[PDB]
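In the form deposited in one PDB entry, a lone chain appears below as structure tokens.
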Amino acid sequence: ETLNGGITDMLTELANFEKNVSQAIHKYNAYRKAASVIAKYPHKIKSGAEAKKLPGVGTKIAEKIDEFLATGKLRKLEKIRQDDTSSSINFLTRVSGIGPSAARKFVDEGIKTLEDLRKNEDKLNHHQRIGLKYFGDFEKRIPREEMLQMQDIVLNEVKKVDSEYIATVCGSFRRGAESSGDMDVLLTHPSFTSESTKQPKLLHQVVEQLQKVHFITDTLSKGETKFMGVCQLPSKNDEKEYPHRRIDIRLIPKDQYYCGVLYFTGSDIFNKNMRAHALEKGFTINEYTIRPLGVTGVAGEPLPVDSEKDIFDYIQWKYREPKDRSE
């Protein structure tokens, strides 16, 4: 498919190994950073030296690229692919709620297959049990046509609960993607600000309404501001059912919507890059605020923010529309 697709596939597979098997989060991030910068690079890479000029690509990745270019493979990966333990741990982490730690522990206890998981429900926590239940469905992508039907349901049902709610579909959907891995919904209500919560159960009431109409089907986790769960579009007579889909809802302080929507629009790599750039500039950005850093690494008071662009301006970045925050 893609211009340096071989290289970026290699690097992403190395990232996953470092995260899932090595449990080295900074090496995972370093590989993902390199994969992203190479994926955006508009030339077919001819050497590692050429790749090394990109920020995030260093000596070790440049050497892997030289290997890959010459031979069409990487020995280091060819050996990870035949390592039984690595391969089993990597597979189990595909279940939502099983991470590197739980996968290694399962693999040590003799559980390394889907079949093994499916006769050991009792060793799984609630999240894992649901991740297993919908293992196949959760790896299917959601065409934009279906994302549009799902937006319509969520926005109309939210409006039924209280007309003052605003629900914004974020993630890859807001970035214009033709398909999405899941549905991300940012929610606000005027009664929840950074200064005051003057209504309880604001997130709960929306979740309950979506359960009532059979859109939300399962709950992975749920607190006062974050819901993680499962939903499904209604199917019509004699049609196969739609796959079950992952849904995330985040209730954000209304007056902090712009930091909220910046966060929830991503991409994840974009947010890391942006937040890392903020730190270089003497600021810290989360889903609520952008704050200056003081001398001794302590965060100051929130800066006024009136648009997404305001946050970009503070770190002296030219604005990027959501569609230009992908990959």
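Residue numbers run from 1 along the displayed sequence. By rigid core we mean the largest C-alpha set that fits within 1.5 Å across both forms.
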Are coordinates for residue 96 absent from at least a third of the other PDB entries that model its neighbours? no
Give yes or no for this: do at least a third of the other compared entries, each modelling residues before and after residue 198, lack coordinates for it? yes
With reference to the PDB entry, specify whether the mean Cα temperature factor is higher for 95-103 or for 67-75. 67-75
Per the record, averaged over C-alpha atoms, which has the higher B-factor: 81-89 or 124-132? 81-89
Highest recorded Cα temperature factor - choice among 254, 144, 244, 119: 119
Per the deposited entry, the peak Cα B-factor within the set 235, 172, 188, 151 goes to 235
Among all modelled residues of this chain, ranked by Cα B factor, put residue 155 in the bottom, middle or top third, i.e. lowest, middle or highest. lowest
For residue 208, does the deposited CA B-factor place it in the lowest, middle or highest third of the chain? middle
Where does residue 230 sit by CA temperature factor within its chain: lowest, middle or highest third? lowest
Using the B-factor values recorded in the entry, state whether the Cα atom of residue 42 falls in the lowest, middle or highest third among the modelled residues of its chain. middle
Would you mind ranking residue 58 by its C-alpha B-factor against the rest of the chain and naming the third, lowest, middle or highest? middle
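Heads up, the form deposited in another entry isn't pictured, but that's what we're talking about next.
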After a rigid core superposition, would you say the CA of residue 60 moves by 2 angstroms or more between the shown form and the other one, or not? no
Would you say residue 126 moves its Cα by 2 Å or more between the shown form and the other one, aligning on the core? no
For residue 24, does the CA position differ by 2 Å or more between the shown form and the other one when the superposition is done on the rigid core? no
Do the C-alpha atoms of residue 269 and residue 87 sit closer or farther apart in the other form than they do here, given a shift of 3 Å or more? farther
